[PDB]
């Protein structure tokens, strides 16, 4: 993850079905905020062959290095709207 607000990379994060639109996530040490475009937050919840889940697009905020006392994001049930993501690299 390139942790700079001016990155041109957006990260998709997954959450439990029925989550509120998760606003800020500490992802791999980088604080990310939900993206918003002309049509609203770039967020949707789905119920299909991939199960019941929600997804959002996220980019780093300006302020980095804050260590918040937040819960882990819920990837199955409704997540808190500020949470620490349970990320792990591929084959690790």
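Residue numbers count along the first chain shown, from 1.
Query raised in the report: Is the mean CA B factor in the deposited entry higher across 63-71 or across 45-53?
Result: Result of the comparison: 45-53.
Requested in this report: Read off the CA B-factors in the entry, average them over 9-17 and over 80-88, and name the higher stretch.
Outcome: Comparing averages over the C-alpha atoms only gives 80-88.
Query - Modelled-residue ranking by C-alpha temperature factor, third containing residue 27 - result: Residue 27: CA B-factor falls in the middle third of its chain.
Query - Third of chain Cα B-factors occupied by residue 33 - result: Lowest third.
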